[PDB]
Amino acid sequence: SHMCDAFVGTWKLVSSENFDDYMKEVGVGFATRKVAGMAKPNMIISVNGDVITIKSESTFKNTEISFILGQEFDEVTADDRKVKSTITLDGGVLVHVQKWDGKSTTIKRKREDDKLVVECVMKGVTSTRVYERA
Ligand SMILES: O=C(c1cccc(Br)c1)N1CCCCS/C1=N\c1ccccc1
């Protein structure tokens with residue numbers, strides 16, 4: 001057993017707050033905000049050795065990242081930003097920092113009760129997205 005065992009599995013979105021405002025702060029345009037804000041993704045997290053894979057599947061976009069903790073990678077986000085990403089585990093929280101164009105956003109994922117809680121921060125704006133097991 002290991003690092004991310006309590007994250008592994010298939011998760012479904014059950015609530016979202018302030019996501020449109022988070023996307024505005026990130027610079028996402030109107031039409032993408034509308035369609036992405038409507039999405040109800042399933043998030044699939046798996047581990048194989050040191051490599052963690054996170055898939056997001058929805059009617060809007062399907063994305064996949066694979067990474068090693070602490071090791072930067074280039075990522076194309078669902079909204080088509082080209083970012084440099086680093087994901088670490090800090091006190092049991094997966095912390096995902098994305099850098100692009102002199103900007104930065106941080107996505108934190110944590111287990112709380114039977115939920116996986118995702119907090120997305122861009123400057124002063126936070127969005128909270130709650131997932132349950134599928
Ligand atoms: O993995 C997704 C993802 C993938 C496919 C669909 C959707 Br909806 C979300 N993330 C990262 C997790 C935290 C939410 S922000 C985000 N992507 C977006 C960022 C800006 C605008 C639109 C989507």
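Numbers run from 1 along the shown chain.
Structure method, as recorded: X-ray crystallography, 1.0 Å.
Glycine is treated like the rest: Cβ placed from N, Cα and C.
Of the listed segments 24-34, 57-67, 79-89, 123-133, Swiss-Prot assigns motif 'Nuclear localization signal' to 24-34. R129 (fatty acid binding site) sits 19 Å from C4 (N-acetylcysteine), taking the C-alpha atoms as the reference points. Summarised by DSSP class, the composition of the motif 'Nuclear localization signal' (24-34) is 8 helix, 0 strand, 3 coil.
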